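Just final-v3.txt here, compact mmCIF, C-alpha atoms:
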```txt
# COMPACT_ATOMS: atom_id res chain seq x y z
CA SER A 1 7.78 -31.21 -20.76
CA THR A 2 5.11 -31.45 -18.07
CA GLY A 3 2.94 -34.11 -16.44
CA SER A 4 -0.39 -33.98 -14.61
CA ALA A 5 -2.02 -36.86 -12.74
CA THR A 6 -4.99 -37.17 -10.45
CA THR A 7 -4.40 -38.51 -6.96
CA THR A 8 -7.26 -40.25 -5.14
CA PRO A 9 -7.80 -41.04 -1.45
CA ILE A 10 -7.66 -44.81 -0.74
CA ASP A 11 -10.52 -44.69 1.74
CA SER A 12 -13.10 -42.48 3.40
CA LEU A 13 -10.55 -41.14 5.93
CA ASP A 14 -7.91 -40.00 3.40
CA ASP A 15 -5.46 -42.43 5.03
CA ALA A 16 -3.32 -42.16 1.90
CA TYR A 17 -3.55 -41.17 -1.76
CA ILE A 18 -2.90 -43.23 -4.89
CA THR A 19 -1.82 -41.97 -8.29
CA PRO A 20 -1.74 -44.10 -11.45
CA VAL A 21 1.72 -44.73 -12.92
CA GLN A 22 2.55 -46.41 -16.23
CA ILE A 23 5.51 -48.80 -16.04
CA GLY A 24 7.04 -50.69 -18.93
CA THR A 25 6.20 -51.48 -22.54
CA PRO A 26 3.35 -52.10 -23.09
CA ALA A 27 2.27 -50.02 -20.13
CA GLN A 28 1.49 -51.72 -16.84
CA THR A 29 -0.53 -49.27 -14.73
CA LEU A 30 0.05 -49.46 -10.98
CA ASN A 31 -1.48 -47.21 -8.34
CA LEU A 32 1.38 -45.76 -6.29
CA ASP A 33 1.59 -43.74 -3.09
CA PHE A 34 3.54 -40.60 -3.96
CA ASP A 35 5.76 -39.98 -0.95
CA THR A 36 7.74 -36.75 -0.51
CA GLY A 37 9.24 -38.32 2.63
CA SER A 38 11.18 -41.10 0.85
CA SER A 39 13.17 -41.67 -2.31
CA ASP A 40 12.54 -45.19 -3.60
CA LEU A 41 10.11 -46.10 -6.37
CA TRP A 42 9.14 -49.66 -5.48
CA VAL A 43 6.35 -51.93 -6.64
CA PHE A 44 4.56 -55.15 -5.89
CA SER A 45 5.74 -57.51 -8.60
CA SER A 46 5.84 -61.00 -10.04
CA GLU A 47 8.82 -61.52 -7.69
CA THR A 48 6.93 -60.67 -4.51
CA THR A 49 6.48 -63.60 -2.09
CA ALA A 50 3.06 -64.94 -3.07
CA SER A 51 1.65 -65.06 0.49
CA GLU A 52 2.47 -61.34 0.84
CA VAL A 53 0.35 -60.27 -2.12
CA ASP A 54 -3.36 -59.73 -1.38
CA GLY A 55 -5.19 -57.90 -4.13
CA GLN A 56 -2.46 -55.54 -5.35
CA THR A 57 -1.70 -55.06 -9.02
CA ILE A 58 1.81 -56.35 -9.76
CA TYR A 59 4.54 -55.30 -12.14
CA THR A 60 5.81 -58.19 -14.25
CA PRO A 61 9.18 -57.16 -15.74
CA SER A 62 9.34 -60.20 -18.03
CA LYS A 63 6.29 -58.83 -19.89
CA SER A 64 7.99 -55.47 -20.50
CA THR A 65 10.21 -55.16 -23.58
CA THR A 66 12.00 -52.14 -22.09
CA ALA A 67 12.74 -53.72 -18.67
CA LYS A 68 16.37 -54.49 -17.86
CA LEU A 69 17.65 -56.08 -14.68
CA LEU A 70 20.05 -53.73 -12.91
CA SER A 71 22.69 -56.33 -12.25
CA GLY A 72 23.69 -56.80 -8.64
CA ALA A 73 21.41 -54.08 -7.29
CA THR A 74 19.25 -54.62 -4.22
CA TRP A 75 17.17 -52.36 -2.00
CA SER A 76 15.73 -52.44 1.48
CA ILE A 77 13.71 -49.77 3.22
CA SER A 78 12.09 -49.17 6.60
CA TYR A 79 9.53 -46.43 7.13
CA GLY A 80 8.63 -44.32 10.15
CA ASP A 81 5.50 -46.37 10.82
CA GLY A 82 7.57 -49.55 11.19
CA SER A 83 6.73 -50.98 7.78
CA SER A 84 9.36 -52.30 5.36
CA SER A 85 10.06 -53.87 1.99
CA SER A 86 13.04 -55.09 -0.03
CA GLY A 87 14.00 -56.71 -3.32
CA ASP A 88 15.94 -56.23 -6.54
CA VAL A 89 15.98 -53.57 -9.26
CA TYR A 90 15.02 -53.08 -12.89
CA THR A 91 15.31 -50.06 -15.10
CA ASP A 92 12.25 -49.34 -17.25
CA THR A 93 10.13 -46.60 -18.77
CA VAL A 94 7.92 -44.83 -16.24
CA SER A 95 5.26 -42.27 -17.07
CA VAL A 96 3.20 -40.09 -14.76
CA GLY A 97 0.32 -38.06 -16.19
CA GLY A 98 1.95 -37.85 -19.62
CA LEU A 99 5.52 -37.20 -18.41
CA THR A 100 7.90 -39.99 -19.37
CA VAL A 101 11.26 -41.05 -17.91
CA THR A 102 13.33 -43.72 -19.59
CA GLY A 103 15.76 -45.79 -17.53
CA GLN A 104 13.98 -45.13 -14.23
CA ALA A 105 14.99 -47.49 -11.41
CA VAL A 106 11.94 -49.59 -10.61
CA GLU A 107 12.53 -51.45 -7.38
CA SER A 108 10.81 -54.81 -7.48
CA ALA A 109 9.65 -56.13 -4.12
CA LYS A 110 10.60 -59.64 -3.10
CA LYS A 111 9.38 -59.05 0.47
CA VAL A 112 6.87 -56.62 1.95
CA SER A 113 5.73 -56.20 5.55
CA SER A 114 2.21 -56.98 6.73
CA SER A 115 1.04 -53.36 6.55
CA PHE A 116 1.63 -53.35 2.79
CA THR A 117 0.06 -56.76 2.18
CA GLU A 118 -3.01 -55.70 4.15
CA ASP A 119 -3.54 -52.61 2.01
CA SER A 120 -4.93 -53.89 -1.31
CA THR A 121 -5.22 -50.37 -2.77
CA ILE A 122 -1.51 -49.46 -2.78
CA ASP A 123 0.63 -51.15 -5.43
CA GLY A 124 3.88 -49.51 -4.32
CA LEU A 125 5.51 -46.16 -3.53
CA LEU A 126 6.96 -43.40 -5.66
CA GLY A 127 9.48 -41.41 -3.64
CA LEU A 128 9.81 -37.66 -4.14
CA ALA A 129 12.28 -36.72 -1.40
CA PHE A 130 15.93 -36.17 -2.27
CA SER A 131 17.83 -38.93 -4.05
CA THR A 132 20.43 -39.02 -1.27
CA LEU A 133 17.90 -41.16 0.68
CA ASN A 134 17.51 -43.77 -2.06
CA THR A 135 18.31 -47.23 -0.65
CA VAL A 136 19.58 -49.02 -3.78
CA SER A 137 22.94 -50.70 -3.27
CA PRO A 138 25.69 -50.73 -4.36
CA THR A 139 24.79 -47.93 -6.79
CA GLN A 140 22.28 -45.42 -5.42
CA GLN A 141 19.52 -44.51 -7.87
CA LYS A 142 17.68 -41.28 -8.66
CA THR A 143 14.02 -40.47 -8.01
CA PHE A 144 11.53 -40.00 -10.81
CA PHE A 145 11.57 -36.24 -10.24
CA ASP A 146 15.36 -36.12 -10.25
CA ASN A 147 15.45 -37.99 -13.58
CA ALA A 148 12.72 -35.79 -15.12
CA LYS A 149 13.98 -32.45 -13.84
CA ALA A 150 16.18 -31.29 -16.68
CA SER A 151 13.41 -32.00 -19.20
CA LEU A 152 10.69 -30.17 -17.28
CA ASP A 153 9.56 -26.69 -18.30
CA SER A 154 10.33 -25.62 -14.72
CA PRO A 155 12.14 -27.82 -12.14
CA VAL A 156 9.13 -28.18 -9.84
CA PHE A 157 6.31 -30.46 -8.86
CA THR A 158 3.16 -29.52 -6.96
CA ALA A 159 0.91 -31.41 -4.57
CA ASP A 160 -2.79 -30.48 -4.42
CA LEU A 161 -4.36 -33.07 -2.15
CA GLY A 162 -8.10 -33.19 -1.66
CA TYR A 163 -10.15 -33.47 1.50
CA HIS A 164 -12.36 -36.50 1.03
CA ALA A 165 -11.92 -35.87 -2.71
CA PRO A 166 -9.43 -36.36 -5.54
CA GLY A 167 -6.57 -33.94 -6.16
CA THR A 168 -3.59 -33.47 -8.43
CA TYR A 169 0.16 -33.92 -8.74
CA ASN A 170 1.68 -31.71 -11.42
CA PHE A 171 5.23 -31.89 -12.74
CA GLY A 172 7.04 -29.03 -14.44
CA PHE A 173 4.49 -26.22 -14.04
CA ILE A 174 2.47 -24.24 -11.52
CA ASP A 175 -1.28 -24.21 -12.23
CA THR A 176 -2.22 -20.65 -11.29
CA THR A 177 -5.93 -21.55 -11.31
CA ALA A 178 -5.44 -24.13 -8.54
CA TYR A 179 -4.92 -21.77 -5.59
CA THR A 180 -6.13 -18.46 -4.16
CA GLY A 181 -3.99 -15.45 -3.32
CA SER A 182 -0.22 -15.78 -3.55
CA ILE A 183 2.26 -18.60 -3.04
CA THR A 184 4.58 -17.91 -0.11
CA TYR A 185 7.98 -19.50 -0.48
CA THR A 186 10.11 -20.68 2.41
CA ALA A 187 13.65 -22.08 2.80
CA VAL A 188 14.44 -25.78 2.66
CA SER A 189 17.25 -27.76 4.23
CA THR A 190 18.20 -30.90 2.32
CA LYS A 191 20.67 -32.01 5.01
CA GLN A 192 18.49 -34.96 6.13
CA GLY A 193 17.31 -35.69 2.57
CA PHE A 194 13.81 -34.34 3.20
CA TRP A 195 11.78 -31.28 2.19
CA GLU A 196 12.59 -29.80 5.58
CA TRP A 197 11.42 -26.28 6.43
CA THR A 198 10.54 -24.08 9.42
CA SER A 199 6.99 -22.98 10.12
CA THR A 200 6.65 -19.58 11.77
CA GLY A 201 4.04 -20.66 14.31
CA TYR A 202 0.46 -21.70 14.92
CA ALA A 203 -3.03 -20.83 16.10
CA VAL A 204 -5.85 -22.98 17.51
CA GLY A 205 -9.33 -22.13 16.27
CA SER A 206 -9.98 -18.40 16.55
CA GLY A 207 -7.13 -17.99 19.04
CA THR A 208 -4.19 -15.63 18.72
CA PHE A 209 -1.23 -16.68 16.60
CA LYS A 210 1.80 -17.93 18.51
CA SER A 211 5.04 -16.98 16.81
CA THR A 212 7.45 -19.86 17.22
CA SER A 213 9.78 -21.77 14.89
CA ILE A 214 8.68 -25.32 14.14
CA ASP A 215 11.17 -27.30 12.02
CA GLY A 216 9.51 -30.11 10.10
CA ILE A 217 9.13 -32.01 6.84
CA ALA A 218 6.56 -31.74 4.09
CA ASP A 219 5.61 -35.40 3.77
CA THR A 220 2.80 -36.55 1.46
CA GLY A 221 3.42 -40.15 2.57
CA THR A 222 2.42 -39.54 6.19
CA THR A 223 -1.32 -39.25 6.97
CA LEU A 224 -1.35 -37.03 10.05
CA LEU A 225 0.18 -33.84 11.37
CA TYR A 226 2.90 -34.54 13.96
CA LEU A 227 3.99 -31.54 16.03
CA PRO A 228 5.71 -30.82 19.37
CA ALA A 229 3.86 -32.00 22.48
CA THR A 230 3.32 -28.42 23.66
CA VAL A 231 1.54 -27.44 20.44
CA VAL A 232 -0.55 -30.61 20.33
CA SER A 233 -1.58 -30.24 23.98
CA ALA A 234 -2.69 -26.66 23.27
CA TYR A 235 -4.86 -27.90 20.39
CA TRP A 236 -6.60 -30.76 22.18
CA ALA A 237 -7.18 -28.66 25.31
CA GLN A 238 -9.81 -26.86 23.22
CA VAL A 239 -11.82 -30.06 22.65
CA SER A 240 -13.98 -31.14 25.60
CA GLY A 241 -13.21 -34.72 26.54
CA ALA A 242 -10.06 -35.06 24.43
CA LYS A 243 -7.23 -37.02 25.99
CA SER A 244 -3.98 -38.74 25.11
CA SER A 245 -4.47 -42.50 25.27
CA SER A 246 -1.39 -44.70 25.59
CA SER A 247 -3.52 -47.76 24.82
CA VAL A 248 -4.80 -46.29 21.57
CA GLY A 249 -1.50 -44.60 20.73
CA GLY A 250 -2.37 -40.92 20.66
CA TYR A 251 -4.97 -38.26 21.22
CA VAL A 252 -8.59 -39.34 21.01
CA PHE A 253 -11.71 -37.25 21.33
CA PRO A 254 -15.49 -37.72 21.64
CA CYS A 255 -16.92 -38.37 18.18
CA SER A 256 -19.70 -35.92 19.14
CA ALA A 257 -17.23 -33.00 19.22
CA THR A 258 -16.93 -30.14 16.79
CA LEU A 259 -13.19 -29.74 16.20
CA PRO A 260 -11.52 -26.33 16.00
CA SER A 261 -9.36 -25.37 13.07
CA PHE A 262 -5.56 -25.33 13.26
CA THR A 263 -3.49 -22.64 11.57
CA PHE A 264 0.20 -22.93 10.70
CA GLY A 265 2.53 -20.15 9.56
CA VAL A 266 4.52 -20.02 6.36
CA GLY A 267 6.58 -16.89 6.65
CA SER A 268 4.05 -14.11 7.19
CA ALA A 269 1.30 -16.19 5.55
CA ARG A 270 -1.16 -18.54 7.24
CA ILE A 271 -2.62 -21.90 6.20
CA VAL A 272 -5.88 -22.88 7.90
CA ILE A 273 -6.68 -26.58 8.43
CA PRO A 274 -10.45 -26.85 9.01
CA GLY A 275 -11.49 -28.82 12.09
CA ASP A 276 -13.10 -31.53 9.96
CA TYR A 277 -9.72 -32.41 8.44
CA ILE A 278 -8.53 -33.38 11.94
CA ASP A 279 -11.23 -36.07 12.45
CA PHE A 280 -10.00 -39.61 11.68
CA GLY A 281 -13.10 -41.33 12.93
CA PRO A 282 -13.83 -44.09 15.40
CA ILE A 283 -10.81 -45.82 16.96
CA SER A 284 -12.57 -49.12 16.24
CA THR A 285 -15.78 -49.86 14.38
CA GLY A 286 -18.80 -48.62 16.35
CA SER A 287 -16.78 -46.70 18.96
CA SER A 288 -17.74 -43.21 20.08
CA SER A 289 -14.07 -42.40 20.67
CA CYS A 290 -12.49 -40.82 17.57
CA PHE A 291 -8.82 -40.59 16.59
CA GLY A 292 -7.20 -37.18 16.23
CA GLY A 293 -5.46 -35.91 13.14
CA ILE A 294 -2.93 -33.83 15.09
CA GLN A 295 -0.56 -35.96 17.18
CA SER A 296 2.69 -35.51 19.11
CA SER A 297 6.01 -35.93 17.33
CA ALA A 298 7.76 -36.59 20.64
CA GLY A 299 9.89 -39.67 20.11
CA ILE A 300 9.58 -39.55 16.31
CA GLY A 301 12.55 -37.21 16.36
CA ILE A 302 11.12 -34.90 13.70
CA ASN A 303 7.95 -32.87 13.15
CA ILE A 304 5.92 -34.03 10.14
CA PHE A 305 3.61 -31.85 8.06
CA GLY A 306 1.67 -34.80 6.67
CA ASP A 307 -1.49 -34.98 4.58
CA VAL A 308 -3.69 -33.33 7.25
CA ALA A 309 -1.62 -30.18 6.82
CA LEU A 310 -0.69 -30.45 3.14
CA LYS A 311 -4.27 -31.05 1.91
CA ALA A 312 -5.21 -27.59 3.28
CA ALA A 313 -2.75 -26.03 0.82
CA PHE A 314 -1.44 -25.90 -2.70
CA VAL A 315 2.17 -26.96 -2.20
CA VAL A 316 5.11 -26.27 -4.52
CA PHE A 317 8.14 -28.48 -4.26
CA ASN A 318 10.73 -26.30 -6.00
CA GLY A 319 13.73 -28.35 -7.14
CA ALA A 320 15.83 -25.43 -8.33
CA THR A 321 19.56 -25.51 -7.55
CA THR A 322 18.62 -24.16 -4.12
CA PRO A 323 15.36 -25.94 -3.34
CA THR A 324 12.45 -24.15 -1.64
CA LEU A 325 8.85 -24.93 -0.67
CA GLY A 326 5.81 -22.84 -1.57
CA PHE A 327 2.42 -22.79 0.14
CA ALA A 328 -0.81 -21.17 -0.99
CA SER A 329 -4.35 -21.33 0.30
CA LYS A 330 -6.92 -22.84 -2.05
```
Encoding of this model in structure tokens:
Amino acid sequence: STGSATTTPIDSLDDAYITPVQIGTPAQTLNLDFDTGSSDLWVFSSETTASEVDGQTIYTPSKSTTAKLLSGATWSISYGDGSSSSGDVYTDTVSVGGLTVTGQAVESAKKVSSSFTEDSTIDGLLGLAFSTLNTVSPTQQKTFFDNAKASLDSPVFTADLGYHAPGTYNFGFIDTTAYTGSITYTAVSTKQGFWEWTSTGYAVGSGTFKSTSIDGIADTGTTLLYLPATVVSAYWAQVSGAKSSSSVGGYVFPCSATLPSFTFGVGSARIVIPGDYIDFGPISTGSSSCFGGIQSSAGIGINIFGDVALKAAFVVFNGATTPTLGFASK
């Protein structure tokens, strides 16, 4: 089997991407944030504290003939941006772009943090990291991909995120029309439960490539590119007026600037992030100070190849017995 679904930026900055998911019988379609940095599929629901719902579409298990309460199971998650959610668990039928899983754990939110309430466009998350990170207790549950894997034509999914435009998540096949040149594959460590890999270095604009190992995660659920302070300093030093602002919480730059590209290495191959992808617009409405798309990972504890990086590539998440990651230009 295979699946193919379009993923759509939530706003004009590509702050996140939503993908429609069918849950239950008859189908209830929710728009979920596909997140290769976590492993819980959770949804706003009929059980969510009413004051914490503000415009989201909810899953109502009582209206689904295939929903079953997973007795005794609870979940609770905290994300790197300080947001959180928790609740109980159902199993139900979940379909993505024509690919169907029966008995998928659907984690129903009783509580969500303010960040989630305030984002009316995101109805929940669909985790695509390794199932070892799943928070369901006392019986850990599998991700959608993990459940689908054996049925897929090939044990892979691909992320093809757009810049200011829709893109695609495919399950079970590689669309050879969706990228240019070749896919370069690179090793993955699953030891922390993430799609963790090592970039071979970087370049800033038309500058020379610096060969250096940068361990990080391929994370579709994080907006920006978070790299070591040395790398990030080297980038922003090429933008007149750019500075790190403690009050804003990162590097800012004059909105009048033309940003240089940033290149990262995948083995001997190179992915180029155009300068425009690194512009996240005014820090506040009407400001001429703009927020940068490349930020320091110092004090995150891990480097994160988020959407800014991933949207410059066609990315293969290979879930073979020994997982790997593939990157192609597009």
message = With all atoms listed in the file as the counted atoms, please give the residues lying no more than 8 Å from residue 135 of chain A, apart from itself and same-chain residues fewer than 3 positions off, as a PyMOL selection string.
response = chain A and resi 39-40+75-77+140-141
Nearby residues (all atoms listed in the file) at most 10 Å from residue 6 of chain A, same-chain spacing under 3 positions excluded, as a compact mmCIF listing (two decimals) with C-alpha atoms, in the frame of the given file:
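See selection.txt below for the written result:
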```
# COMPACT_ATOMS: atom_id res chain seq x y z
CA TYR A 17 -3.55 -41.17 -1.76
CA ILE A 18 -2.90 -43.23 -4.89
CA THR A 19 -1.82 -41.97 -8.29
CA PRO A 20 -1.74 -44.10 -11.45
CA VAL A 96 3.20 -40.09 -14.76
CA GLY A 97 0.32 -38.06 -16.19
CA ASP A 160 -2.79 -30.48 -4.42
CA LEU A 161 -4.36 -33.07 -2.15
CA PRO A 166 -9.43 -36.36 -5.54
CA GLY A 167 -6.57 -33.94 -6.16
CA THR A 168 -3.59 -33.47 -8.43
CA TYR A 169 0.16 -33.92 -8.74
CA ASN A 170 1.68 -31.71 -11.42
```
Straight-line distance linking atom CA of residue 117 of chain A with atom CA of residue 138 of chain A, stated in Å to one decimal =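 Value for the atom CA of residue 117 of chain A-atom CA of residue 138 of chain A distance: 27.1 Å.
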Output as a Markdown table one row per residue of segment 190-229 of chain A within 10 Å of segment 234-245 of chain A: the closest atom pair and its distance in Å to one decimal place, counting all atoms listed in the file, sorted by chain and residue number ascending.
```
| residue | atom | partner | partner_atom | distance |
| --- | --- | --- | --- | --- |
| A:202 | CA | A:235 | CA | 9.8 |
| A:203 | CA | A:235 | CA | 8.5 |
| A:204 | CA | A:235 | CA | 5.8 |
| A:205 | CA | A:235 | CA | 8.4 |
| A:229 | CA | A:234 | CA | 8.5 |
```
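Distance-wise, atom CA of residue 208 of chain A and atom CA of residue 13 of chain A end up 29.2 Å apart.
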query = Expressed in Å to a single decimal, how great is the separation between atom CA of residue 7 of chain A and atom CA of residue 184 of chain A?
reply =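 Rounded to one decimal, the two atoms are 23.5 Å apart.
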task = Please provide the set of residues having any atom within 9 Å of residue 185 of chain A, restricted to only C-alpha atoms, with same-chain residues fewer than 4 positions apart removed, written as a list in words.
result = residues 266, 267, 316, 324, 325, 326, 327 and 328 of chain A
Output of the above residues as a PDB file, in the coordinates of the input, restricted to C-alpha atoms:
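In the end it all went to result.pdb:
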```
ATOM      1  CA  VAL A 266       4.520 -20.020   6.360  1.00  0.00           C
ATOM      2  CA  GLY A 267       6.580 -16.890   6.650  1.00  0.00           C
ATOM      3  CA  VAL A 316       5.110 -26.270  -4.520  1.00  0.00           C
ATOM      4  CA  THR A 324      12.450 -24.150  -1.640  1.00  0.00           C
ATOM      5  CA  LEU A 325       8.850 -24.930  -0.670  1.00  0.00           C
ATOM      6  CA  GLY A 326       5.810 -22.840  -1.570  1.00  0.00           C
ATOM      7  CA  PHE A 327       2.420 -22.790   0.140  1.00  0.00           C
ATOM      8  CA  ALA A 328      -0.810 -21.170  -0.990  1.00  0.00           C
TER       9      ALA A 328
END
```
inquiry  = Set the distance at 12 Å and use only C-alpha atoms: which residues neighbour residue 252 of chain A once local chain neighbours fewer than 5 positions away are removed? I'd like the list as an NGL selection string.
reply    = :A and (232-233 or 236-237 or 239-247 or 257 or 259 or 278-284 or 287-295)
What does the file look like for those residues with C-alpha atoms, as an mmCIF file, in the frame of the given file?
```cif
data_model
loop_
_atom_site.group_PDB
_atom_site.id
_atom_site.type_symbol
_atom_site.label_atom_id
_atom_site.label_comp_id
_atom_site.auth_asym_id
_atom_site.auth_seq_id
_atom_site.Cartn_x
_atom_site.Cartn_y
_atom_site.Cartn_z
ATOM 1 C CA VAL A 232 -0.550 -30.610 20.330
ATOM 2 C CA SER A 233 -1.580 -30.240 23.980
ATOM 3 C CA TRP A 236 -6.600 -30.760 22.180
ATOM 4 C CA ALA A 237 -7.180 -28.660 25.310
ATOM 5 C CA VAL A 239 -11.820 -30.060 22.650
ATOM 6 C CA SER A 240 -13.980 -31.140 25.600
ATOM 7 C CA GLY A 241 -13.210 -34.720 26.540
ATOM 8 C CA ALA A 242 -10.060 -35.060 24.430
ATOM 9 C CA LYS A 243 -7.230 -37.020 25.990
ATOM 10 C CA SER A 244 -3.980 -38.740 25.110
ATOM 11 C CA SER A 245 -4.470 -42.500 25.270
ATOM 12 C CA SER A 246 -1.390 -44.700 25.590
ATOM 13 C CA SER A 247 -3.520 -47.760 24.820
ATOM 14 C CA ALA A 257 -17.230 -33.000 19.220
ATOM 15 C CA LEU A 259 -13.190 -29.740 16.200
ATOM 16 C CA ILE A 278 -8.530 -33.380 11.940
ATOM 17 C CA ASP A 279 -11.230 -36.070 12.450
ATOM 18 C CA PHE A 280 -10.000 -39.610 11.680
ATOM 19 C CA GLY A 281 -13.100 -41.330 12.930
ATOM 20 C CA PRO A 282 -13.830 -44.090 15.400
ATOM 21 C CA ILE A 283 -10.810 -45.820 16.960
ATOM 22 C CA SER A 284 -12.570 -49.120 16.240
ATOM 23 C CA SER A 287 -16.780 -46.700 18.960
ATOM 24 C CA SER A 288 -17.740 -43.210 20.080
ATOM 25 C CA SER A 289 -14.070 -42.400 20.670
ATOM 26 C CA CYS A 290 -12.490 -40.820 17.570
ATOM 27 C CA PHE A 291 -8.820 -40.590 16.590
ATOM 28 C CA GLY A 292 -7.200 -37.180 16.230
ATOM 29 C CA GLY A 293 -5.460 -35.910 13.140
ATOM 30 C CA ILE A 294 -2.930 -33.830 15.090
ATOM 31 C CA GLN A 295 -0.560 -35.960 17.180
#
```
key: Test item: residues at most 6 Å from residue 125 of chain A, all atoms listed in the file, excluding those fewer than 2 positions along its chain, as an MDAnalysis selection string   = chainID A and resid 32:34 41:42
task = Rank nothing, just name the residue among A:143, A:36, A:84, A:48 nearest to residue 219 of chain A, using only C-alpha atoms.
result = A:36
query = Pick from A:130, A:314, A:44, A:144: nearest to residue 192 of chain A, with only C-alpha atoms counted?
reply =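 Nearest to residue 192 of chain A: A:130.
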